[PDB]
$ cat query_34.csv   # CSV, N, CA and C atoms
chain,number,residue,atom,x,y,z
O,99,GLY,N,74.0,111.2,101.3
O,99,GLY,CA,73.0,112.0,100.5
O,99,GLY,C,72.8,111.4,99.1
O,100,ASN,N,71.5,111.4,98.7
O,100,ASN,CA,71.2,110.8,97.4
O,100,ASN,C,71.8,111.6,96.2
O,101,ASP,N,72.3,112.8,96.5
O,101,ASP,CA,72.9,113.7,95.5
O,101,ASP,C,74.4,113.4,95.5
O,102,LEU,N,74.9,112.8,94.4
O,102,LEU,CA,76.3,112.5,94.3
O,102,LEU,C,77.0,113.4,93.2
O,103,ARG,N,77.3,114.6,93.5
O,103,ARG,CA,77.8,115.6,92.6
O,103,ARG,C,78.9,116.4,93.2
O,104,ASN,N,79.9,116.9,92.4
O,104,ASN,CA,81.0,117.7,92.9
O,104,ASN,C,80.6,119.1,93.0
O,105,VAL,N,80.4,119.6,94.2
O,105,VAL,CA,80.0,121.0,94.5
O,105,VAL,C,81.1,121.9,94.2
O,106,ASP,N,80.8,123.1,93.8
O,106,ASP,CA,81.8,124.1,93.5
O,106,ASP,C,82.5,124.5,94.8
O,107,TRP,N,83.6,123.8,95.1
O,107,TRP,CA,84.4,124.0,96.3
O,107,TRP,C,84.4,125.4,96.7
O,108,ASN,N,84.3,126.3,95.7
O,108,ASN,CA,84.3,127.7,96.0
O,108,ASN,C,83.1,128.1,96.8
O,109,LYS,N,81.9,127.5,96.4
O,109,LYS,CA,80.7,127.8,97.1
O,109,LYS,C,80.7,127.5,98.5
O,110,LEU,N,81.1,126.2,98.8
O,110,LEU,CA,81.2,125.8,100.2
O,110,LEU,C,82.4,126.5,100.9
O,111,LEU,N,83.5,126.6,100.3
O,111,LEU,CA,84.6,127.3,100.8
O,111,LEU,C,84.3,128.7,101.2
O,112,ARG,N,83.9,129.5,100.2
O,112,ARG,CA,83.6,130.9,100.4
O,112,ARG,C,82.4,131.0,101.3
O,113,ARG,N,81.4,130.2,101.2
O,113,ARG,CA,80.2,130.3,102.0
O,113,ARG,C,80.6,130.1,103.5
O,114,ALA,N,81.6,129.2,103.7
O,114,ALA,CA,82.1,129.0,105.0
O,114,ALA,C,82.8,130.3,105.5
O,115,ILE,N,83.4,131.0,104.6
O,115,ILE,CA,84.1,132.3,105.0
O,115,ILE,C,83.1,133.3,105.6
O,116,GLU,N,81.9,133.4,105.0
O,116,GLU,CA,80.9,134.3,105.5
O,116,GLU,C,80.3,133.8,106.8
O,117,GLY,N,80.2,132.5,106.9
O,117,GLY,CA,79.6,131.9,108.1
O,117,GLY,C,80.4,132.2,109.3
O,118,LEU,N,81.7,132.0,109.3
O,118,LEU,CA,82.6,132.3,110.4
O,118,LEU,C,82.7,133.8,110.7
O,119,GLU,N,82.7,134.5,109.6
O,119,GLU,CA,82.8,136.0,109.7
O,119,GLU,C,84.1,136.4,110.3
O,120,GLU,N,84.9,135.5,110.7
O,120,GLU,CA,86.2,135.8,111.3
O,120,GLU,C,86.8,137.1,110.8
O,121,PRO,N,87.1,138.0,111.6
O,121,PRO,CA,87.7,139.3,111.2
O,121,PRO,C,88.9,139.1,110.3
O,122,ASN,N,89.0,139.9,109.3
O,122,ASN,CA,90.1,139.9,108.4
O,122,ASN,C,90.2,138.5,107.7
O,123,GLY,N,89.0,137.9,107.5
O,123,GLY,CA,88.9,136.6,106.9
O,123,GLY,C,89.1,135.5,107.9
O,124,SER,N,89.2,134.3,107.4
O,124,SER,CA,89.3,133.1,108.3
O,124,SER,C,90.3,132.1,107.7
O,125,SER,N,90.9,131.3,108.5
O,125,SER,CA,91.8,130.3,108.1
O,125,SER,C,91.1,129.1,107.5
O,126,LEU,N,91.9,128.2,106.7
O,126,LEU,CA,91.3,127.0,106.1
O,126,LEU,C,90.8,126.1,107.2
O,127,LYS,N,91.5,125.9,108.3
O,127,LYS,CA,91.1,125.0,109.3
O,127,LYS,C,89.8,125.4,109.9
O,128,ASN,N,89.6,126.7,110.2
O,128,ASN,CA,88.4,127.2,110.7
O,128,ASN,C,87.2,127.1,109.7
O,129,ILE,N,87.6,127.3,108.4
O,129,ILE,CA,86.6,127.3,107.4
O,129,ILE,C,86.1,125.8,107.2
O,130,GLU,N,87.0,124.9,107.3
O,130,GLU,CA,86.6,123.5,107.1
O,130,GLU,C,85.8,123.0,108.3
O,131,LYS,N,86.1,123.6,109.5
O,131,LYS,CA,85.4,123.2,110.7
O,131,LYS,C,83.9,123.6,110.6
O,132,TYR,N,83.6,124.8,110.1
O,132,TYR,CA,82.2,125.2,109.9
O,132,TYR,C,81.5,124.3,108.9
O,133,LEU,N,82.1,124.0,107.8
O,133,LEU,CA,81.5,123.2,106.8
O,133,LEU,C,81.3,121.8,107.4
O,134,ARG,N,82.2,121.3,108.1
O,134,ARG,CA,82.1,120.0,108.7
O,134,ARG,C,81.0,120.0,109.7
O,135,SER,N,80.8,121.0,110.5
O,135,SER,CA,79.7,121.1,111.4
O,135,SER,C,78.3,121.0,110.7
O,136,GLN,N,78.2,121.7,109.6
O,136,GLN,CA,77.0,121.7,108.9
O,136,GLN,C,76.3,120.3,109.0
O,137,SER,N,75.0,120.3,108.9
O,137,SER,CA,74.2,119.0,109.0
O,137,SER,C,73.5,118.7,107.7
O,138,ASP,N,73.0,119.7,107.0
O,138,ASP,CA,72.3,119.5,105.7
O,138,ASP,C,73.2,118.9,104.7
O,139,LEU,N,74.5,119.4,104.6
O,139,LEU,CA,75.4,118.9,103.6
O,139,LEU,C,76.3,117.8,104.3
O,140,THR,N,75.9,117.4,105.5
O,140,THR,CA,76.7,116.4,106.2
O,140,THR,C,77.2,115.3,105.3
O,141,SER,N,76.5,115.1,104.2
O,141,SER,CA,76.9,114.2,103.2
O,141,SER,C,78.4,114.5,102.7
O,142,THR,N,78.6,115.7,102.3
O,142,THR,CA,79.9,116.1,101.9
O,142,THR,C,80.9,116.2,103.0
O,143,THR,N,80.5,116.8,104.1
O,143,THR,CA,81.4,116.9,105.3
O,143,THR,C,81.9,115.5,105.8
O,144,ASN,N,80.9,114.6,105.8
O,144,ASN,CA,81.3,113.2,106.3
O,144,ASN,C,82.1,112.5,105.2
O,145,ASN,N,82.0,113.0,104.0
O,145,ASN,CA,82.7,112.4,102.9
O,145,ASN,C,84.2,112.6,103.1
O,146,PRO,N,84.9,111.5,103.3
O,146,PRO,CA,86.4,111.5,103.5
O,146,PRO,C,87.1,112.5,102.6
O,147,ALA,N,86.7,112.5,101.3
O,147,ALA,CA,87.3,113.4,100.4
O,147,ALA,C,86.8,114.9,100.6
O,148,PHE,N,86.2,115.1,101.8
O,148,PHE,CA,85.7,116.4,102.1
O,148,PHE,C,86.8,117.4,102.3
O,149,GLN,N,87.8,117.0,103.2
O,149,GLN,CA,88.9,117.8,103.5
O,149,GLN,C,89.8,117.9,102.3
O,150,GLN,N,90.0,116.8,101.6
O,150,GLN,CA,90.9,116.8,100.5
O,150,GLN,C,90.4,117.6,99.3
O,151,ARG,N,89.1,117.5,99.1
O,151,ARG,CA,88.4,118.3,98.0
O,151,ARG,C,88.5,119.8,98.3
O,152,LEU,N,88.3,120.1,99.6
O,152,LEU,CA,88.3,121.5,100.1
O,152,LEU,C,89.7,122.0,100.0
O,153,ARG,N,90.6,121.2,100.5
O,153,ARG,CA,92.0,121.6,100.5
O,153,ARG,C,92.6,121.8,99.1
O,154,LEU,N,92.2,120.9,98.2
O,154,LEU,CA,92.7,121.0,96.8
O,154,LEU,C,91.9,122.1,96.1
O,155,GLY,N,90.6,122.2,96.4
O,155,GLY,CA,89.8,123.2,95.7
O,155,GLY,C,90.2,124.6,96.2
O,156,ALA,N,90.6,124.7,97.5
O,156,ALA,CA,91.0,126.0,98.0
O,156,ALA,C,92.3,126.5,97.4
O,157,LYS,N,93.2,125.5,97.1
O,157,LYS,CA,94.4,125.9,96.5
O,157,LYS,C,94.2,126.5,95.1
O,158,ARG,N,93.4,125.9,94.3
O,158,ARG,CA,93.1,126.4,93.0
O,158,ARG,C,92.3,127.7,93.1
O,159,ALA,N,91.3,127.7,94.0
O,159,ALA,CA,90.5,128.9,94.2
O,159,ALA,C,91.4,130.1,94.3
O,160,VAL,N,92.5,130.0,95.1
O,160,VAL,CA,93.4,131.1,95.3
O,160,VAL,C,94.2,131.4,94.0
O,161,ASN,N,94.5,130.3,93.2
O,161,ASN,CA,95.2,130.5,92.0
O,161,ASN,C,94.4,131.2,91.0
O,162,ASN,N,93.1,131.0,91.2
O,162,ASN,CA,92.1,131.6,90.2
O,162,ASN,C,91.7,133.0,90.7
O,163,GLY,N,92.0,133.3,92.0
O,163,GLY,CA,91.6,134.6,92.6
O,163,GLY,C,90.3,134.5,93.3
O,164,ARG,N,89.8,133.3,93.4
O,164,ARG,CA,88.5,133.1,94.1
O,164,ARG,C,88.6,133.5,95.5
O,165,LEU,N,89.7,133.2,96.2
O,165,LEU,CA,89.8,133.6,97.6
O,165,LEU,C,91.1,134.5,97.7
O,166,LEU,N,91.2,135.1,98.9
O,166,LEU,CA,92.4,136.0,99.1
O,166,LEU,C,93.3,135.4,100.2
O,167,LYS,N,94.6,135.3,99.9
O,167,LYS,CA,95.5,134.8,100.8
O,167,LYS,C,96.0,135.9,101.7
O,168,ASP,N,95.5,136.0,102.9
O,168,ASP,CA,95.9,137.1,103.8
O,168,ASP,C,96.4,136.4,105.1
O,169,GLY,N,97.6,135.9,105.1
O,169,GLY,CA,98.2,135.3,106.3
O,169,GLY,C,97.6,133.9,106.5
O,170,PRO,N,97.2,133.7,107.7
O,170,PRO,CA,96.5,132.4,108.1
O,170,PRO,C,95.0,132.4,107.8
O,171,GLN,N,94.6,133.4,107.1
O,171,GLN,CA,93.2,133.5,106.8
O,171,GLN,C,92.9,133.8,105.3
O,172,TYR,N,91.7,133.5,104.8
O,172,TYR,CA,91.4,133.7,103.5
O,172,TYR,C,90.1,134.4,103.3
O,173,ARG,N,90.1,135.5,102.6
O,173,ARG,CA,88.9,136.3,102.3
O,173,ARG,C,88.4,136.1,100.9
O,174,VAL,N,87.0,136.1,100.8
O,174,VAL,CA,86.4,135.9,99.5
O,174,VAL,C,86.7,137.0,98.5
O,175,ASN,N,87.0,136.6,97.3
O,175,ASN,CA,87.3,137.6,96.2
O,175,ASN,C,86.3,137.4,95.1
O,176,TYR,N,85.5,138.5,94.9
O,176,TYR,CA,84.5,138.5,93.8
O,176,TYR,C,85.1,138.9,92.5
O,177,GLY,N,86.2,139.7,92.6
O,177,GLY,CA,86.9,140.2,91.4
O,177,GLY,C,86.6,139.4,90.2
O,178,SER,N,86.7,138.1,90.3
O,178,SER,CA,86.5,137.1,89.2
O,178,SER,C,86.5,135.7,89.7
O,179,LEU,N,85.3,135.1,89.7
O,179,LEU,CA,85.2,133.7,90.2
O,179,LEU,C,86.1,132.8,89.3
O,180,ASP,N,86.0,133.0,88.0
O,180,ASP,CA,86.8,132.2,87.1
O,180,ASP,C,88.3,132.4,87.2
O,181,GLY,N,88.6,133.7,87.4
O,181,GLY,CA,90.0,134.1,87.6
O,181,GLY,C,90.5,134.9,86.4
O,182,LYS,N,91.7,135.5,86.5
O,182,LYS,CA,92.3,136.3,85.4
O,182,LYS,C,91.4,137.5,85.1

$ encode --input "query_34.csv" --output "structure tokens"
Amino acid sequence: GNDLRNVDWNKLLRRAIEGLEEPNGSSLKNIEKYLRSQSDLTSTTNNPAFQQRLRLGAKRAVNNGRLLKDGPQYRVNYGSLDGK
């Protein structure tokens, strides 16, 4: 992709959450699978740092309250994107 910028992992991560719609949220593996399937952003998905960026971003996202840790699945949390 001609666009070389760091997307808000939360956007792709959370967006992937709604995409799967997996009951009671979805796991990181399933979430990454959906994003990886995507074709428009294939640039990011194909980007090796795709899984790393999502894995690292997801970790912080939870620490910020962006996502919800519910077992092997994670649900989107609007309470506060920034966190706290």

$ atom_distance --input "query_34.csv" --atom1 "CA of residue 132 (chain O)" --atom2 "CA of residue 111 (chain O)"
9.6 Å

$ residues_near_point --input "query_34.csv" --point "(82.4, 134.0, 92.4)" --cutoff "8 Å" --atoms "all atoms listed in the file" --output "ChimeraX atom specification"
/O:108-109,163-164,175-181

$ write_last_selection --input "query_34.csv" --atoms "N, CA and C atoms" --output "short mmCIF file (atom, residue, chain, number, x, y, z; two decimals), in the coordinates of the input"
data_model
loop_
_atom_site.label_atom_id
_atom_site.label_comp_id
_atom_site.auth_asym_id
_atom_site.auth_seq_id
_atom_site.Cartn_x
_atom_site.Cartn_y
_atom_site.Cartn_z
N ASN O 108 84.30 126.30 95.70
CA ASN O 108 84.30 127.70 96.00
C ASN O 108 83.10 128.10 96.80
N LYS O 109 81.90 127.50 96.40
CA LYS O 109 80.70 127.80 97.10
C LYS O 109 80.70 127.50 98.50
N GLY O 163 92.00 133.30 92.00
CA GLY O 163 91.60 134.60 92.60
C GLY O 163 90.30 134.50 93.30
N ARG O 164 89.80 133.30 93.40
CA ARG O 164 88.50 133.10 94.10
C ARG O 164 88.60 133.50 95.50
N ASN O 175 87.00 136.60 97.30
CA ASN O 175 87.30 137.60 96.20
C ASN O 175 86.30 137.40 95.10
N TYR O 176 85.50 138.50 94.90
CA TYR O 176 84.50 138.50 93.80
C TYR O 176 85.10 138.90 92.50
N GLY O 177 86.20 139.70 92.60
CA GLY O 177 86.90 140.20 91.40
C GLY O 177 86.60 139.40 90.20
N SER O 178 86.70 138.10 90.30
CA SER O 178 86.50 137.10 89.20
C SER O 178 86.50 135.70 89.70
N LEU O 179 85.30 135.10 89.70
CA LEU O 179 85.20 133.70 90.20
C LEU O 179 86.10 132.80 89.30
N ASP O 180 86.00 133.00 88.00
CA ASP O 180 86.80 132.20 87.10
C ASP O 180 88.30 132.40 87.20
N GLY O 181 88.60 133.70 87.40
CA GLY O 181 90.00 134.10 87.60
C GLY O 181 90.50 134.90 86.40
#

$ closest_residue --input "query_34.csv" --among "O:104, O:162, O:124, O:171" --to "residue 148 (chain O)" --atoms "only C-alpha atoms"
O:104

$ closest_residue --input "query_34.csv" --among "O:125, O:133, O:155, O:143" --to "residue 169 (chain O)" --atoms "all atoms listed in the file"
O:125

$ select_by_dssp --input "query_34.csv" --residues "chain O" --states "alpha helix (DSSP H)" --output "PDB file with N, CA and C atoms, keeping the file's coordinate frame"
ATOM      1  N   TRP O 107      83.600 123.800  95.100  1.00  0.00           N
ATOM      2  CA  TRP O 107      84.400 124.000  96.300  1.00  0.00           C
ATOM      3  C   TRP O 107      84.400 125.400  96.700  1.00  0.00           C
ATOM      4  N   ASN O 108      84.300 126.300  95.700  1.00  0.00           N
ATOM      5  CA  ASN O 108      84.300 127.700  96.000  1.00  0.00           C
ATOM      6  C   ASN O 108      83.100 128.100  96.800  1.00  0.00           C
ATOM      7  N   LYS O 109      81.900 127.500  96.400  1.00  0.00           N
ATOM      8  CA  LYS O 109      80.700 127.800  97.100  1.00  0.00           C
ATOM      9  C   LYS O 109      80.700 127.500  98.500  1.00  0.00           C
ATOM     10  N   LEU O 110      81.100 126.200  98.800  1.00  0.00           N
ATOM     11  CA  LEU O 110      81.200 125.800 100.200  1.00  0.00           C
ATOM     12  C   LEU O 110      82.400 126.500 100.900  1.00  0.00           C
ATOM     13  N   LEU O 111      83.500 126.600 100.300  1.00  0.00           N
ATOM     14  CA  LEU O 111      84.600 127.300 100.800  1.00  0.00           C
ATOM     15  C   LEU O 111      84.300 128.700 101.200  1.00  0.00           C
ATOM     16  N   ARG O 112      83.900 129.500 100.200  1.00  0.00           N
ATOM     17  CA  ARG O 112      83.600 130.900 100.400  1.00  0.00           C
ATOM     18  C   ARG O 112      82.400 131.000 101.300  1.00  0.00           C
ATOM     19  N   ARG O 113      81.400 130.200 101.200  1.00  0.00           N
ATOM     20  CA  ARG O 113      80.200 130.300 102.000  1.00  0.00           C
ATOM     21  C   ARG O 113      80.600 130.100 103.500  1.00  0.00           C
ATOM     22  N   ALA O 114      81.600 129.200 103.700  1.00  0.00           N
ATOM     23  CA  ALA O 114      82.100 129.000 105.000  1.00  0.00           C
ATOM     24  C   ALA O 114      82.800 130.300 105.500  1.00  0.00           C
ATOM     25  N   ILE O 115      83.400 131.000 104.600  1.00  0.00           N
ATOM     26  CA  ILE O 115      84.100 132.300 105.000  1.00  0.00           C
ATOM     27  C   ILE O 115      83.100 133.300 105.600  1.00  0.00           C
ATOM     28  N   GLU O 116      81.900 133.400 105.000  1.00  0.00           N
ATOM     29  CA  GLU O 116      80.900 134.300 105.500  1.00  0.00           C
ATOM     30  C   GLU O 116      80.300 133.800 106.800  1.00  0.00           C
ATOM     31  N   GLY O 117      80.200 132.500 106.900  1.00  0.00           N
ATOM     32  CA  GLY O 117      79.600 131.900 108.100  1.00  0.00           C
ATOM     33  C   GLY O 117      80.400 132.200 109.300  1.00  0.00           C
ATOM     34  N   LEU O 118      81.700 132.000 109.300  1.00  0.00           N
ATOM     35  CA  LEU O 118      82.600 132.300 110.400  1.00  0.00           C
ATOM     36  C   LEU O 118      82.700 133.800 110.700  1.00  0.00           C
ATOM     37  N   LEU O 126      91.900 128.200 106.700  1.00  0.00           N
ATOM     38  CA  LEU O 126      91.300 127.000 106.100  1.00  0.00           C
ATOM     39  C   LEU O 126      90.800 126.100 107.200  1.00  0.00           C
ATOM     40  N   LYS O 127      91.500 125.900 108.300  1.00  0.00           N
ATOM     41  CA  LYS O 127      91.100 125.000 109.300  1.00  0.00           C
ATOM     42  C   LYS O 127      89.800 125.400 109.900  1.00  0.00           C
ATOM     43  N   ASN O 128      89.600 126.700 110.200  1.00  0.00           N
ATOM     44  CA  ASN O 128      88.400 127.200 110.700  1.00  0.00           C
ATOM     45  C   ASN O 128      87.200 127.100 109.700  1.00  0.00           C
ATOM     46  N   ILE O 129      87.600 127.300 108.400  1.00  0.00           N
ATOM     47  CA  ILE O 129      86.600 127.300 107.400  1.00  0.00           C
ATOM     48  C   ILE O 129      86.100 125.800 107.200  1.00  0.00           C
ATOM     49  N   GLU O 130      87.000 124.900 107.300  1.00  0.00           N
ATOM     50  CA  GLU O 130      86.600 123.500 107.100  1.00  0.00           C
ATOM     51  C   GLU O 130      85.800 123.000 108.300  1.00  0.00           C
ATOM     52  N   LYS O 131      86.100 123.600 109.500  1.00  0.00           N
ATOM     53  CA  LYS O 131      85.400 123.200 110.700  1.00  0.00           C
ATOM     54  C   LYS O 131      83.900 123.600 110.600  1.00  0.00           C
ATOM     55  N   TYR O 132      83.600 124.800 110.100  1.00  0.00           N
ATOM     56  CA  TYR O 132      82.200 125.200 109.900  1.00  0.00           C
ATOM     57  C   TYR O 132      81.500 124.300 108.900  1.00  0.00           C
ATOM     58  N   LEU O 133      82.100 124.000 107.800  1.00  0.00           N
ATOM     59  CA  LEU O 133      81.500 123.200 106.800  1.00  0.00           C
ATOM     60  C   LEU O 133      81.300 121.800 107.400  1.00  0.00           C
ATOM     61  N   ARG O 134      82.200 121.300 108.100  1.00  0.00           N
ATOM     62  CA  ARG O 134      82.100 120.000 108.700  1.00  0.00           C
ATOM     63  C   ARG O 134      81.000 120.000 109.700  1.00  0.00           C
ATOM     64  N   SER O 135      80.800 121.000 110.500  1.00  0.00           N
ATOM     65  CA  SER O 135      79.700 121.100 111.400  1.00  0.00           C
ATOM     66  C   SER O 135      78.300 121.000 110.700  1.00  0.00           C
ATOM     67  N   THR O 140      75.900 117.400 105.500  1.00  0.00           N
ATOM     68  CA  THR O 140      76.700 116.400 106.200  1.00  0.00           C
ATOM     69  C   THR O 140      77.200 115.300 105.300  1.00  0.00           C
ATOM     70  N   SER O 141      76.500 115.100 104.200  1.00  0.00           N
ATOM     71  CA  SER O 141      76.900 114.200 103.200  1.00  0.00           C
ATOM     72  C   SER O 141      78.400 114.500 102.700  1.00  0.00           C
ATOM     73  N   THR O 142      78.600 115.700 102.300  1.00  0.00           N
ATOM     74  CA  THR O 142      79.900 116.100 101.900  1.00  0.00           C
ATOM     75  C   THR O 142      80.900 116.200 103.000  1.00  0.00           C
ATOM     76  N   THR O 143      80.500 116.800 104.100  1.00  0.00           N
ATOM     77  CA  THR O 143      81.400 116.900 105.300  1.00  0.00           C
ATOM     78  C   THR O 143      81.900 115.500 105.800  1.00  0.00           C
ATOM     79  N   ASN O 144      80.900 114.600 105.800  1.00  0.00           N
ATOM     80  CA  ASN O 144      81.300 113.200 106.300  1.00  0.00           C
ATOM     81  C   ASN O 144      82.100 112.500 105.200  1.00  0.00           C
ATOM     82  N   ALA O 147      86.700 112.500 101.300  1.00  0.00           N
ATOM     83  CA  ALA O 147      87.300 113.400 100.400  1.00  0.00           C
ATOM     84  C   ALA O 147      86.800 114.900 100.600  1.00  0.00           C
ATOM     85  N   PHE O 148      86.200 115.100 101.800  1.00  0.00           N
ATOM     86  CA  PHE O 148      85.700 116.400 102.100  1.00  0.00           C
ATOM     87  C   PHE O 148      86.800 117.400 102.300  1.00  0.00           C
ATOM     88  N   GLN O 149      87.800 117.000 103.200  1.00  0.00           N
ATOM     89  CA  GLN O 149      88.900 117.800 103.500  1.00  0.00           C
ATOM     90  C   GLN O 149      89.800 117.900 102.300  1.00  0.00           C
ATOM     91  N   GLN O 150      90.000 116.800 101.600  1.00  0.00           N
ATOM     92  CA  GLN O 150      90.900 116.800 100.500  1.00  0.00           C
ATOM     93  C   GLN O 150      90.400 117.600  99.300  1.00  0.00           C
ATOM     94  N   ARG O 151      89.100 117.500  99.100  1.00  0.00           N
ATOM     95  CA  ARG O 151      88.400 118.300  98.000  1.00  0.00           C
ATOM     96  C   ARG O 151      88.500 119.800  98.300  1.00  0.00           C
ATOM     97  N   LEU O 152      88.300 120.100  99.600  1.00  0.00           N
ATOM     98  CA  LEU O 152      88.300 121.500 100.100  1.00  0.00           C
ATOM     99  C   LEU O 152      89.700 122.000 100.000  1.00  0.00           C
ATOM    100  N   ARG O 153      90.600 121.200 100.500  1.00  0.00           N
ATOM    101  CA  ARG O 153      92.000 121.600 100.500  1.00  0.00           C
ATOM    102  C   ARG O 153      92.600 121.800  99.100  1.00  0.00           C
ATOM    103  N   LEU O 154      92.200 120.900  98.200  1.00  0.00           N
ATOM    104  CA  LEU O 154      92.700 121.000  96.800  1.00  0.00           C
ATOM    105  C   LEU O 154      91.900 122.100  96.100  1.00  0.00           C
ATOM    106  N   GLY O 155      90.600 122.200  96.400  1.00  0.00           N
ATOM    107  CA  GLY O 155      89.800 123.200  95.700  1.00  0.00           C
ATOM    108  C   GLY O 155      90.200 124.600  96.200  1.00  0.00           C
ATOM    109  N   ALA O 156      90.600 124.700  97.500  1.00  0.00           N
ATOM    110  CA  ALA O 156      91.000 126.000  98.000  1.00  0.00           C
ATOM    111  C   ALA O 156      92.300 126.500  97.400  1.00  0.00           C
ATOM    112  N   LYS O 157      93.200 125.500  97.100  1.00  0.00           N
ATOM    113  CA  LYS O 157      94.400 125.900  96.500  1.00  0.00           C
ATOM    114  C   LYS O 157      94.200 126.500  95.100  1.00  0.00           C
ATOM    115  N   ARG O 158      93.400 125.900  94.300  1.00  0.00           N
ATOM    116  CA  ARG O 158      93.100 126.400  93.000  1.00  0.00           C
ATOM    117  C   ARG O 158      92.300 127.700  93.100  1.00  0.00           C
ATOM    118  N   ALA O 159      91.300 127.700  94.000  1.00  0.00           N
ATOM    119  CA  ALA O 159      90.500 128.900  94.200  1.00  0.00           C
ATOM    120  C   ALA O 159      91.400 130.100  94.300  1.00  0.00           C
ATOM    121  N   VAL O 160      92.500 130.000  95.100  1.00  0.00           N
ATOM    122  CA  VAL O 160      93.400 131.100  95.300  1.00  0.00           C
ATOM    123  C   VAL O 160      94.200 131.400  94.000  1.00  0.00           C
ATOM    124  N   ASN O 161      94.500 130.300  93.200  1.00  0.00           N
ATOM    125  CA  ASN O 161      95.200 130.500  92.000  1.00  0.00           C
ATOM    126  C   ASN O 161      94.400 131.200  91.000  1.00  0.00           C
ATOM    127  N   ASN O 162      93.100 131.000  91.200  1.00  0.00           N
ATOM    128  CA  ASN O 162      92.100 131.600  90.200  1.00  0.00           C
ATOM    129  C   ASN O 162      91.700 133.000  90.700  1.00  0.00           C
TER     130      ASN O 162
END

$ residues_around --input "query_34.csv" --residues "region 120-122 of chain O" --least-positions-apart "5" --cutoff "6 Å" --atoms "all atoms listed in the file" --output "list in words"
residues 115, 171, 172 and 173 of chain O

$ select_by_dssp --input "query_34.csv" --residues "chain O" --states "strand (DSSP E or B)" --output "number ranges by chain"
O: 124, 165-168, 171-174

$ atom_distance --input "query_34.csv" --atom1 "CA of residue 107 (chain O)" --atom2 "CA of residue 152 (chain O)"
6.0 Å

$ atom_distance --input "query_34.csv" --atom1 "atom C of residue 126 (chain O)" --atom2 "CA of residue 153 (chain O)"
8.2 Å

$ closest_residue --input "query_34.csv" --among "O:101, O:160, O:114, O:141" --to "residue 127 (chain O)" --atoms "only C-alpha atoms"
O:114

$ closest_residue --input "query_34.csv" --among "O:113, O:134, O:182, O:103" --to "residue 149 (chain O)" --atoms "only C-alpha atoms"
O:134

$ decode --input "query_34.csv" --residues "region 103-114 of chain O" --atoms "N, CA and C atoms" --output "mmCIF file, in the first residue's frame"
data_model
loop_
_atom_site.group_PDB
_atom_site.id
_atom_site.type_symbol
_atom_site.label_atom_id
_atom_site.label_comp_id
_atom_site.auth_asym_id
_atom_site.auth_seq_id
_atom_site.Cartn_x
_atom_site.Cartn_y
_atom_site.Cartn_z
ATOM 1 N N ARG O 103 1.603 4.243 7.262
ATOM 2 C CA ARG O 103 1.340 4.868 8.554
ATOM 3 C C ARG O 103 0.896 3.827 9.577
ATOM 4 N N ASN O 104 1.118 4.121 10.853
ATOM 5 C CA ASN O 104 0.734 3.197 11.915
ATOM 6 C C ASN O 104 -0.727 3.400 12.302
ATOM 7 N N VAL O 105 -1.576 2.470 11.878
ATOM 8 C CA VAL O 105 -3.002 2.549 12.180
ATOM 9 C C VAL O 105 -3.262 2.300 13.659
ATOM 10 N N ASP O 106 -4.324 2.905 14.178
ATOM 11 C CA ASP O 106 -4.674 2.709 15.585
ATOM 12 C C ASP O 106 -5.043 1.249 15.811
ATOM 13 N N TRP O 107 -4.057 0.454 16.204
ATOM 14 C CA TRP O 107 -4.281 -0.967 16.431
ATOM 15 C C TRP O 107 -5.678 -1.212 16.989
ATOM 16 N N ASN O 108 -6.172 -0.273 17.787
ATOM 17 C CA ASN O 108 -7.493 -0.411 18.382
ATOM 18 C C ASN O 108 -8.560 -0.443 17.297
ATOM 19 N N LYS O 109 -8.394 0.395 16.282
ATOM 20 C CA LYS O 109 -9.357 0.451 15.194
ATOM 21 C C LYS O 109 -9.470 -0.904 14.501
ATOM 22 N N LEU O 110 -8.339 -1.435 14.045
ATOM 23 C CA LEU O 110 -8.338 -2.732 13.376
ATOM 24 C C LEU O 110 -8.698 -3.853 14.346
ATOM 25 N N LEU O 111 -8.145 -3.781 15.554
ATOM 26 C CA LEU O 111 -8.402 -4.801 16.562
ATOM 27 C C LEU O 111 -9.876 -4.843 16.920
ATOM 28 N N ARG O 112 -10.406 -3.704 17.354
ATOM 29 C CA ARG O 112 -11.807 -3.615 17.719
ATOM 30 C C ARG O 112 -12.703 -3.893 16.518
ATOM 31 N N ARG O 113 -12.356 -3.304 15.383
ATOM 32 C CA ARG O 113 -13.138 -3.496 14.169
ATOM 33 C C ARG O 113 -13.269 -4.980 13.884
ATOM 34 N N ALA O 114 -12.172 -5.696 14.062
ATOM 35 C CA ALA O 114 -12.166 -7.129 13.841
ATOM 36 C C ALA O 114 -13.117 -7.818 14.818
#
